[PDB]
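Form deposited without the ligand, single chain, as structure tokens, below.
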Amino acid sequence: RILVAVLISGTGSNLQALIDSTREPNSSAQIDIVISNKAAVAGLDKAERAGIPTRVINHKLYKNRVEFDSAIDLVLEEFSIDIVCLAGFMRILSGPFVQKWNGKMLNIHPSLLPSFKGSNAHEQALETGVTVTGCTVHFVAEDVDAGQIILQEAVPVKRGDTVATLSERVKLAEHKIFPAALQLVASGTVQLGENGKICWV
């Protein structure tokens, strides 16, 4: 069974969906550690109540990106981790850290990439006026524009929607495709070919 780590910054609703799925009898993965860059958030309570240990690593206490990322990597090695999942982690990782984990780190984004990159995707979609939006799960690459896509799900926009109502609807889709993608990669069904392109068995 593959050992996994989940990194967060807030509430932890996606984290909970991942915990519940890896608990199922037929799962190929197991979550052994949860890390947050912010103290006292709700996501930490969720991890402790499921019997998973936690660690808080504050970016404000370091001199730069590389030193912060190195502190995180030390912990991943301590727990012999194989795969990393970014679930609401609001930081940009340095080049070398991304190189070391190439093909072994997944991220969730609230839009149908390549549309609406960056922060506040829902607000962007409403300003633009699309009638269809969605969510994406992808591998992380040295440039936030070429990460290979694994799975996507389209979500409709209703006239009259507010940022709060659209966010709620897209979140329900996120809880579906993130757990499904972790299982595809953990079982070897989906891999990143050495030609830099996605590959299915």
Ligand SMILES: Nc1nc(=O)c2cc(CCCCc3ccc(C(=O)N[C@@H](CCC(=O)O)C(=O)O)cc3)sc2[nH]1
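All residue numbers are counted from 1 along the displayed sequence.
The same protein also exists as the form deposited with the ligand bound; that form is not shown, yet it is the one meant from here on.
Proximity of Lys100 to the ligand in the deposited complex falls outside the 4.5 Å heavy atom cutoff. Not displayed here, the ligand is approached by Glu142 to within 4.5 Å at the level of heavy atoms in the deposited complex.
Of the heavy atoms in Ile81, none are within 4.5 Å of the ligand in the deposited complex. Within this chain, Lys104 is remote from the site of the ligand in the deposited complex, having no heavy atom within 4.5 Å. The stretch in contact with the ligand in the deposited complex, judged by heavy atoms within 4.5 Å, is 144-152, chosen from 23-31, 157-165, 49-57, 144-152. Within 4.5 angstroms of the ligand in the deposited complex, the stretch 60-80 places a non-hydrogen atom from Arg65 alone.
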